[PDB]
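Taking it in order: structure first as structure tokens, then the write-up.
In the authors' numbering, the protein residues as written are 84 to 204.
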């Protein structure tokens, strides 16, 4: 049971290809989408994961995409991801609306981004 699968709820999906990633954004409709770029051996990513999972339970209608950088290097490079943890947000016809790094200590940055782009904001 890999650390990134523990207590991961139904709105948290593993992405394993560029095709799957693009299909996920398309099928999201007008939902807010949070893309979590993480590394297998990223201590910060691992430390912040339980809080991310709680946030996913707190927001059942937000779609969370987990993208393992180490297993999706070309995809992550095409998305200009250079450091981990990293987050993109996407929302409907607006496409990408956030791009930022985070950690457990500054987790409120992620919530602030939700405040800016959640359905009804």
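Even for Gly, the Cβ is constructed at its ideal location relative to N, Cα and C.
With respect to residue 158, residue 171 sits apart: the two C-beta atoms are not nearer than 8 Å. Here residue 110 carries a helix assignment [DSSP, helix/strand/coil].
Going by C-alpha positions, residue 94 is about 22 Å away from residue 125. DSSP places residue 200 in no beta strand (DSSP E) but in the uninterrupted alpha helix (DSSP H) bounded by 191-200.
Counting only the Cα atoms, residue 178 lies some 19 Å from residue 96. Taking C-beta atoms as the reference points, residue 112 and residue 175 count as a pair closer than 8 Å.
Under the 10 Å beta carbon count, residue 168 is surrounded by 16 or more other beta carbons and is classified as buried. Relative to residue 197, the option among 84, 105, 141 and 100 whose CA is nearest is 141. Boundaries of the beta strand (DSSP E) harbouring residue 182: 179-184, taken from the DSSP string. In the DSSP annotation of this structure, residue 129 is not part of any beta strand (DSSP E); the continuous alpha helix (DSSP H) holding it starts and ends at 126-141. Measuring C-alpha to C-alpha distances from residue 86 to each of 116, 185 and 133 identifies 133 as the nearest.
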